[PDB]
Each structure stands twice: as C-alpha cells, then as structure tokens.
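J.: Just dropping this structure here.
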Amino acid sequence: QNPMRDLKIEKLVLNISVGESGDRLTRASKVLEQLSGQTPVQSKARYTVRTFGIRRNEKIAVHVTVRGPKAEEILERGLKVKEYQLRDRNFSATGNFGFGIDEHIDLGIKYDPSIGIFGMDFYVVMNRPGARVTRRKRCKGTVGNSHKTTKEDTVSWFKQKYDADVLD
Amino acid sequence: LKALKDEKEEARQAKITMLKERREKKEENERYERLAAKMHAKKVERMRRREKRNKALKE
Amino acid sequence: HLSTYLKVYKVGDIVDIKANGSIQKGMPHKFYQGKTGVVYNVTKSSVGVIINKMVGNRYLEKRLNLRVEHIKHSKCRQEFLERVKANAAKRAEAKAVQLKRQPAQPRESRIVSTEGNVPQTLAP
Amino acid sequence: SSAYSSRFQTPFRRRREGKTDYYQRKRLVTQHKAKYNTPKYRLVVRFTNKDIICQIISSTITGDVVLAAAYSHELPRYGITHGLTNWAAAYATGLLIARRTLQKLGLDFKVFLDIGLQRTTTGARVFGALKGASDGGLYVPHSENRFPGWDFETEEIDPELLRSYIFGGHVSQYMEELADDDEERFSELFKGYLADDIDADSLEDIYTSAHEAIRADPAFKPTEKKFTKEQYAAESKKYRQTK
RNA sequence: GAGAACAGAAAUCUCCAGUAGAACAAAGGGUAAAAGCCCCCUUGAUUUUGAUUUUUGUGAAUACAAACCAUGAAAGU
RNA sequence: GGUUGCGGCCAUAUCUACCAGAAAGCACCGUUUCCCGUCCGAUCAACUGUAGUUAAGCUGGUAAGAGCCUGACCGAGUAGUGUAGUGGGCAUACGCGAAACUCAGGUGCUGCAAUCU
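Protein chains in written order, with the authors' numbering: chain J, 6 to 173; chain 5, 61 to 119; chain T, 26 to 121, 126 to 153; chain D, 9 to 116, 142 to 276.
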C-alpha cells in the first residue's frame with residue numbers, strides 16, 4: 006500500500022566536465038543555459054594534477070540542476086537517446102540513477118558548428134515526501150528504514166514508467 | 061572423597077568452559093571484523109599509492 | 026553548563042578555584058587550583074577573590090579577579106552553620126547540655142540474644 | 009561500534025532535538041551579575057503550522073517560568089477566525105501579550146526579544162510581533178532596518194508600506210489579483226474567505242476590531258476545559274502502552 | 001562506500017555513513033548551528049581615570065569605569 | 001494521562017532491529033503576487049489550512065543486543081603500606097586499607113505555562 010509512500014523524481018543534475026578552460030567552458034555554459042532556461046554554475050578544479058593538464062582554480066567544468074516537470078521532461082528527451090535501455094548498474098544503492106550521453110545534439114538541439122559538440126552526464130535523485138526533516142534547520146532529523154529509497158524500488162518504478170528494460 | 065571432589069570440580073569446570081566459550085565467540089567475531097577492516101584499508105592504500113600526493117604541503 | 030552563570034556571588038561568600046578546560050579565557054593561576062578565597066568586590070564579567078599566600082613564613086594577601094566560569098561555591102561551612110543553628114535551638118531549649130562536639134566515645138554495655146542466632150563455631 | 013559508542017560524547021537533549029541554541033541562550037540569560045537578582049525577561053515568539061506562540065519567560069535553575077503566555081487561537085474571540093499564522097495575526101498576538109503583561113505589572142517592562150532559529154529577514158513575522166509588543170508599549174531595543182519595505186539600496190524606510198502589511202495589504206491585493214485572474218486557486222485557497230465574502234477595507238476594519246478588543250480585555254479569558262483531567266487521562270491510558 | 005559518456009587510483013556531479021579521526025602558525029589539551037570554511041559590514045590594534053597577577057626595573061596578560069567608534073534586529077560583544 | 005512551547009540535570013536519555021500510536025496537537029503536505037533569497041520557491045521568505053496523509057518525522061514498548069549508570073559479606077580484610085624486635089634465612093605483633101576484573105540490577109527524572117476526549 007502506498008497512499009503517500011510514492012517515489013517521485015526530485016531533481017536532475019546535468020554536468021559537463023571539460024578537458025580545458027576558456028571559451029570551450031563558456032560554450033558548454035551556453036549549451037546547458039539554453040537547455041534549462043536558467044543560468045548554470047561553473048565548477049573549478051580542487052587541486053592540480055598535471056596529467057589531465059589542469060591546475061588549481063581553473064574553472065574546468067559547468068553544470069546545472071533542474072527540479073519540477075522540466076526535470077522529467079528533459080529526462081525523457083535524453084533517455085530517448087539511450088532508447089529506454091539502462092543497465093543493472095547505473096542505479097545506486099540509496100535509490101538514485103544516472104547516465105551519460107555523447108553528442109548532445111541527439112535531443113532537439115542542432116549541430117551548429119559555431120560552437121562544436123559536448124557530451125554530458127545526467128544524474129537523477131529520487132525520494133518521497135518527508136525528506137524535509139534532514140534538510141531544514143529547526144527540528145532536524147532522519148528518515149526511517151521502511152521509507153528509505155532503494156535500488157529495487159527504483160528499478161521497479163523504472164520497469165514501470167518509461168516502460169524500460171534492465172539489460173543484464 | 062573421590063566421589064565428592066570430582067562433582068565439585070566438574071561443576072566448576074562447567075562454569076570455566078562456559079566463560080571460555082563466551083569470550084572466544086566474542087573475540088572471534090571481533091577479530092573477523094578487524095581483519096576485514098585491515099584488508100579494506102590495505103586495498104585502499106594500495107590504490108592511493110598511485111596518487112603522487114606529497115602529504116605535506118597543501119595539494 | 027548554563028547553571029554556572031545563574032550563580033549570585035555576594036561580597037563575603039567563600040569559593041574554591043577550579044578552572045575548567047572548556048573556556049580559554051581567564052585560565053588562572055597554575056597552582057591556584059583547589060584553593061579557597063572569599064570575594065571582596067564584583068563587577069560584570071568578573072568576581073573578586075582574595076587568598077592568603079605564604080612566602081617565607083608569613084601569610085601575605087593576594088587579591089585577584091576571575092571569570093565566574095572557574096569559581097565554585099564552597100561547602101566548607103555547611104556543618105558549621107548547621108551546628109550554629111542547632112546550637113541556637115538547643116540553647117533556647119536549655120533556657121526553657127554539651128552542644129559542643131565530642132569524638133567517638135566508647136560504646137556502652139548491652140545484651141546479645143540467642144533466639145535463632147546460635148553462635149557458629151569454626152576453625153582454619 | 010563499541011569503541012566509537014564509548015568514546016562518543018552526547019550533546020544536551022534539547023540540542024539533540026533541533027530546538028535550542030545554547031550559544032545564544034547564554035548571551036541572553038547571563039546577567040551583568042554585579043546587580044544580583046534583577047531577573048532578565050525575554051519575549052519568546054515561535055511559529056508552528058496553524059498556530060503562533062508568544063510568551064514572556066524568566067529563567068532560573070528550576071529551569072524556567074512563564075508569567076505571561078498567549079497564542080493565536082484566542083483571536084477568534086477578539087474577532088478573527090481566519091489567517092492565524094499571518095503577519096498581522098502575529099502582530100495582534102504581540103500587542104495582546106504586551107498589553108497583558110503591562111496590565112499585570114500595572115504600569116499602563143523591559144524585555145529582550147528571542148528570535149529562536151528563524152532567519153533574520155526583512156519583513157519577518159517575528160519582527161511583526163516585535164512591532165505589536167512595542168505598540169503595546171514595552172520597550173524592546175530594535176532598529177527600523179528589518180521591517181518590510183526597507184529599500185535595500187539605501188538606509189530608509191516607508192511607514193505606509195508596513196502599515197499596509199499590518200492591515201493585511203499583501204494578502205488583500207493577492208486576493209484581488211487571483212480573483213480577477215482566476216477562480217480555481219481562489220476557491221481552493223480562500224474557501225472560508227469565499228463563504229464569508231470579506232473586503233479589503235473590511236479586513237482592515239476587522240483588524241482594527243480585534244486591536245480595540247485586545248486593548249479592551251487582554252486579561253486572558255481562559256478556555257472552558259470540558260471533560261476534566263481524569264477523563265482525558267483514562268482515555269489516553271487506554272492507548273498508552275505499559276511494560 | 002555505492003553511482004554517472006569520453007573519465008582511469010586522482011579531473012566534475014549526486015546520495016549514505018562519518019564526535020572530529022580535519023583545520024585552527026605533524027604522535028598532546030580545547031573548539032562542531034564552532035574557537036573551523038564561505039559570505040556581509042568595519043578596522044576597539046582608539047583616547048582619559050584608576051585596580052590586580054606574572055613580576056625591586058619595566059614589559060606581558062588581566063579585569064574595571066567615561067568618551068569617540070564598529071557590529072547585529074537584539075541580547076550583548 | 002497525551003501533546004506543544006521554553007528550560008534544568010546532561011546516554012538510566014545514546015546506537016542498532018522490529019512493532020504500536022482513538023482523540024488532541026505537532027509534522028509531512030498545497031501555492032508563489034508581494035518581503036526575501038536561491039544556478040535550482042530543494043533550504044530560507046511569504047500565503048491559505050484549503051487538495052490530502054499518519055507513509056515519514058515525533059511519541060511509547062520490545063531485544064538472555066551494543067554501550068551508559070548504580071550497587072555488591074565481588075575481588076578482599078587480598079595487593080600495597082607506616083611502626084617494633086638480638087624474630088627466620090619472609091612470617092609474627094599493633095594498625096591503615098584499594099583498584100581492575102567478575103557478578104547482579106536498571107535504560108531518563110524533572111520545573112513553568114497552555115491545550116486535548
């Protein structure tokens with residue numbers, strides 16, 4: 006029985022990790038900006054590595070978060086690229102799931118060699134009503150075991166809506 | 061005399077064996093936990109070795 | 026420990042010094058620890074305390090200021106005041126004694142019975 | 009595990025629940041203490057869903073004491089059934105508790146506001162209750178900064194705007210806009226308001242209503258308390274477990 | 001720890017555990033809605049009057065009142 | 001007796017697993033014009049308690065559970081220790097006197113105000 010113990014989507018984070026910093030980052034900027042409607046966030050490097058070719062504080066990625074109907078709409082238009090076929094993995098233990106796409110032009114947006122091509126990673130966090138207890142300030146607490154999301158519940162919800170497969 | 065002392069020492073040995081059994085079950089599962097933790101620690105410090113990581117400065 | 030702040034300390038009261046590690050401010054006096062002194066003046070933030078410190082073979086008088094967090098009320102005079110009040114009551118009753130203290134006296138005569146407690150003889 | 013549990017150091021119970029902040033509490037309760045007794049009084053405002061709380065507390069080693077306490081459920085008696093948690097309603101509750109305490113002290142004193150855990154934001158209902166109390170006449174220290182309509186771009190304030198907020202102007206203009214733009218959300222969010230058919234001038238007059246009423250009788254007409262103690266106790270013990 | 005295209009042991013993203021094992025000028029005390037990181041505003045690291053401890057010489061720290069000030073809604077600092 | 005708010009003492013309260021919770025409240029939850037802040041009304045800010053839920057949180061019981069606390073004719077008058085002797089080659093005499101461990105028992109107590117079938 007599930008009157009309020011459903012499994013709604015909470016949010017989707019779309020991320021673009023670039024090998025270099027500059028107008029390439031600004032272009033990936035622009036891509037996620039146009040896809041979401043809102044302004045994205047530029048993420049810097051934590052530490053220098055010198056084999057990936059970067060340094061501390063270099064602005065080496067850009068990402069964005071989306072909540073609401075927009076999130077699942079973009080999710081479906083992206084999963085069309087993966088044609089509704091994920092793996093047994095790509096589902097976390099705690100009940101979240103994500104994938105990655107090359108050739109972002111495979112959802113609506115055209116080639117436009119003005120800018121080039123980028124790939125991006127979708128990650129999608131799931132929950133139920135009542136997550137506010139671990140997110141508010143006053144009254145903070147944690148959620149019970151029975152109400153915890155899980156890989157099995159998410160995979161069943163996914164073999165349900167979007168009507169997909171597991172592929173191994 | 062041999063009748064009396066052997067039931068008394070046998071009851072006491074029963075107490076001794078119960079004590080020992082109990083302590084050894086507890087320390088056995090404790091040892092298993094610590095050994096698995098030790099192996100996990102060794103496996104993670106095996107892959108951290110590939111990272112250059114001068115521990116001193118700030119990187 | 027908020028009960029270490031709702032603690033009135035009037036001039037005259039006696040207090041022990043026991044400074045806790047949890048407050049870096051005003052950690053006083055390395056050997057003024059477990060030592061008792063009465064309070065002479067009080068300000069905000071503050072209490073006064075005087076101690077008779079001995080140097081050579083004379084007791085000189087060191088006055089000091091401390092945060093309230095370190096000081097503590099002394100139970101030094103509890104039995105003294107209890108005995109004084111009881112002495113007033115006993116003096117009133119006499120007016121209507127050995128109110129003084131006395132060490133432990135030798136226990137007096139008595140009788141020990143054998144009803145169910147027969148003495149149990151034994152050996153090494 | 010055993011060692012982690014043993015080396016664990018638990019905080020205070022009231023902190024383990026997200027209920028108090030001893031950092032702020034000590035700065036509040038701690039006195040000058042050159043002056044000895046001089047009990048320090050603090051007005052405690054709290055917002056739950058469906059209800060507001062305003063109290064005036066002294067604290068002592070007994071643990072604390074409540075000389076005066078009011079809530080928003082009293083305001084139906086004073087002329088408003090609706091919107092108990094809003095800005096104007098908390099303002100009314102603050103004026104109520106202020107006139108109450110001033111009546112009991114017989115003067116018409143100095144009380145320090147407790148914010149709780151709520152964030153300090155321009156246009157907050159805690160500052161609405163502050164203005165209600167200062168209305169009532171208790172001298173509390175404050176600044177005109179955080180009242181709404183405070184133009185963040187400079188150091189000035191418009192009194193007419195927070196006057197409208199006191200009268201319920203934002204809810205009224207939103208009522209008007211949502212009404213002349215739609216009726217789905219209107220019928221959903223204003224069912225009692227719809228059955229009552231109240232006006233903007235209406236609702237301002239009702240708040241004036243209630244203001245004069247609390248100025249008339251702030252003496253805490255208490256609840257009627259049906260089904261006295263033993264009834265409640267036995268019926269609750271029917272459903273209370275026991276070892 | 002689990003998880004996400006190129007991306008691997010370390011590039012960025014998300015979730016769970018995590019009393020401190022991190023940081024605060026290397027095995028130690030103290031600090032977790034902080035004494036830590038980020039953000040907002042400032043530059044009380046300011047003058048005058050006396051008091052205490054370390055110490056007869058000062059300096060150091062300490063509390064204490066009046067002013068000019070900063071800060072926060074405030075208690076207060 | 002239940003609950004809410006403010007607290008005191010700060011694990012007998014904490015951790016883990018399961019279960020129950022009529023009513024009351026609390027809580028999730030509904031919405032985003034304004035006050036406000038967010039990459040993102042998720043947090044924070046505001047509005048109506050209306051759409052609806054005890055699923056969660058919270059409260060209480062349960063476990064030859066972990067830990068935490070109390071006690072012991074528990075250890076034990078033991079170890080250790082002050083004093084004396086032309087005592088032996090460590091005991092005796094007058095005296096003081098533990099802790100760990102083990103065992104047993106327990107698993108929050110309370111103040112102020114308000115409120116509830």
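Just so you know, even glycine gets a beta-carbon here, dropped at the ideal spot from N, CA and C.
Bridge partners of residue 50 (chain D), per DSSP?
T.: Answer is 65 (chain D), 145 (chain D).
J.: Which residues, in order along the stretch 235-252 of chain D, keep a beta-carbon less than 8 Å from a beta-carbon of chain T?
T.: Going along the stretch 235-252 of chain D in chain order, one finds no residue with a Cβ nearer than 8 Å to chain T.
J.: Just to confirm before moving on: does the CB-CB distance between residue 51 (chain D) and residue 113 (chain D) stay below 8 Å?
T.: Their beta carbons are not under 8 Å apart, which means residue 51 (chain D) does not touch residue 113 (chain D) by this criterion.
J.: Kindly list the residues whose CB is nearer than 7 Å to the CB of residue 205 (chain D), restricted to its own chain and excluding five residues on each side of it in sequence; keep chain order.
T.: So the qualifying residues of the chain are 233, 236.
J.: Do three or more CB pairs link the stretch 12-22 of chain J to the stretch 68-78 of chain J at distances below 8 Å?
T.: Contact holds: three or more Cβ-Cβ distances are below 8 Å.
J.: Quick check: the Cα distance between residue 141 (chain T) and residue 148 (chain T), rounded to an integer number of angstroms?
T.: Cα to Cα, residue 141 (chain T) sits roughly 11 Å from residue 148 (chain T).
J.: Is it buried or exposed, residue 101 (chain D), if we count other Cβ atoms within 10 angstroms and call 16 or more buried?
T.: Its Cβ being crowded by 16 or more others within 10 Å, residue 101 (chain D) is buried.
J.: Can you tell me whether DSSP reads residue 87 (chain T) as helix, strand or coil?
T.: Correct three-state label for residue 87 (chain T): strand.
J.: Less than 8 Å between the C-beta atoms of residue 10 (chain J) and residue 152 (chain J), yes or no?
T.: Yes. Within cutoff.
J.: Return the first residue and the last residue of the alpha helix (DSSP H) that residue 264 (chain D) is part of.
T.: Its alpha helix (DSSP H) spans residues 262-270.
J.: How long is the line joining the alpha carbons of residue 33 (chain T) and residue 97 (chain T), rounded to whole angstroms?
T.: Each residue's Cα considered, the two are about 11 Å apart.
J.: Looking at chain T, is there any beta carbon in it that lies within less than 8 Å of the beta carbon of residue 265 (chain D)?
T.: Chain T, which has no Cβ nearer than 8 Å to the Cβ of residue 265 (chain D), makes this no.
J.: The beta strand (DSSP E) spanning residue 4 (chain D) covers which residue range?
T.: Examination of residue 4 (chain D) is not possible in this model, given that chain D is present from 9 through 276 alone.
J.: Taking the Cβ atom as the reference point for each residue, do residue 95 (chain T) and residue 153 (chain T) lie within a distance shorter than 8 Å?
T.: No, the Cβ-Cβ distance between residue 95 (chain T) and residue 153 (chain T) is not below 8 Å.
J.: Please report how far the alpha carbon of residue 163 (chain D) lies from the alpha carbon of residue 191 (chain D), in whole angstroms.
T.: Roughly 18 Å separates the two Cα atoms.
J.: How long is the line joining the alpha carbons of residue 78 (chain D) and residue 222 (chain D), rounded to whole angstroms?
T.: Straight-line Cα distance between these residues: approximately 27 Å.
J.: Three-state secondary structure (DSSP) at residue 153 (chain J)?
T.: It is coil, neither helix nor strand.
J.: Do the CB positions of residue 4 (chain J) and residue 14 (chain J) come within less than 8 Å of each other?
T.: Chain J is shown only over 6 to 173; residue 4 (chain J) falls outside these bounds and no answer can be derived.
J.: If the cut is a Cβ gap below 9 Å, which residues of chain D does residue 143 (chain J) touch?
T.: Simply 26, 27, 149, 150, 151.
J.: Under 9 Å between beta-carbons, which chain D residues line up against residue 150 (chain T)? List them in chain order, please.
T.: Residues of chain D passing the Cβ test: none, with the nearest at roughly 48 Å.
J.: Using only alpha-carbon positions, find the residue among 225 (chain D), 104 (chain D), 32 (chain D), 56 (chain D) that is nearest to residue 64 (chain D).
T.: For the residues 225 (chain D), 104 (chain D), 32 (chain D), 56 (chain D), the minimum Cα distance to residue 64 (chain D) belongs to 104 (chain D).
J.: Check whether the stretch 49-58 of chain J and the stretch 97-106 of chain J touch, using three or more Cβ-Cβ pairs below 8 Å as the test.
T.: Result no; under three Cβ-Cβ pairs closer than 8 Å.
J.: Quick one: residues in its chain with C-beta nearer than 7 Å to the C-beta of residue 220 (chain D), no 5 flanking neighbours on either side, listed in chain order?
T.: Cβ within range, chain order: 227.
J.: Distance, Cα to Cα, residue 178 (chain D) vs residue 23 (chain J)?
T.: Going from the Cα of residue 178 (chain D) to the Cα of residue 23 (chain J) covers about 45 Å.
J.: Mind reading off the beta-carbon distance from residue 89 (chain T) to residue 74 (chain T)? Whole number of angstroms is fine, and I expect it under 8 Å.
T.: About 5 Å; that satisfies the 8 Å criterion.
J.: Looking at C-alpha atoms only, which residue of 56 (chain J), 46 (chain J), 27 (chain J), 39 (chain J) is the closest neighbour of residue 79 (chain J)?
T.: Cα-wise, what sits closest to residue 79 (chain J) is 39 (chain J).
J.: In chain D, which residues lie less than 9 Å from residue 30 (chain T) when you measure between Cβ atoms?
T.: What residue 30 (chain T) touches in chain D: 34, 37, 38, 39, 41.
J.: Is any beta-carbon of chain T found at less than 8 Å from that of residue 30 (chain D)?
T.: Judged by the 8 Å Cβ criterion, residue 30 (chain D) is in contact with chain T.
J.: Which residues does DSSP pair with residue 131 (chain J) in a beta bridge?
T.: Partner(s): 14 (chain J).
J.: Could you please give me the residues that DSSP links to residue 59 (chain D) through a beta bridge?
T.: BP columns for residue 59 (chain D) point to 56 (chain D).
J.: Tell me whether the beta-carbon of residue 106 (chain D) lies closer than 8 Å to the beta-carbon of residue 161 (chain D).
T.: No, Cβ-Cβ distance for residue 106 (chain D) and residue 161 (chain D) is not below 8 Å.
J.: With 8 Å as the C-beta to C-beta threshold (strictly closer), list the residues of the stretch 64-96 of chain D near chain T in chain order.
T.: The stretch 64-96 of chain D vs chain T, Cβ under 8 Å: 67, 68, 69.
J.: From the beta carbon of residue 89 (chain T), is the nearest beta carbon of chain D less than 8 Å away?
T.: False, the Cβ-Cβ gap to chain D never drops below 8 Å.
J.: Can you confirm whether the stretch 14-21 of chain D touches the stretch 102-112 of chain 5 when touching is taken to mean that 3 or more C-beta pairs between the two stretches lie within less than 8 Å?
T.: Not touching, per the Cβ criterion.
J.: Among 13 (chain D), 21 (chain D), 25 (chain D), which has the Cα closest to the Cα of residue 145 (chain J)?
T.: The residue with the shortest Cα to Cα distance from residue 145 (chain J) is 25 (chain D).
J.: Report yes if the CB atom of residue 87 (chain D) is closer than 8 Å to the CB atom of residue 239 (chain D), and no otherwise.
T.: Contact flag set, yes.
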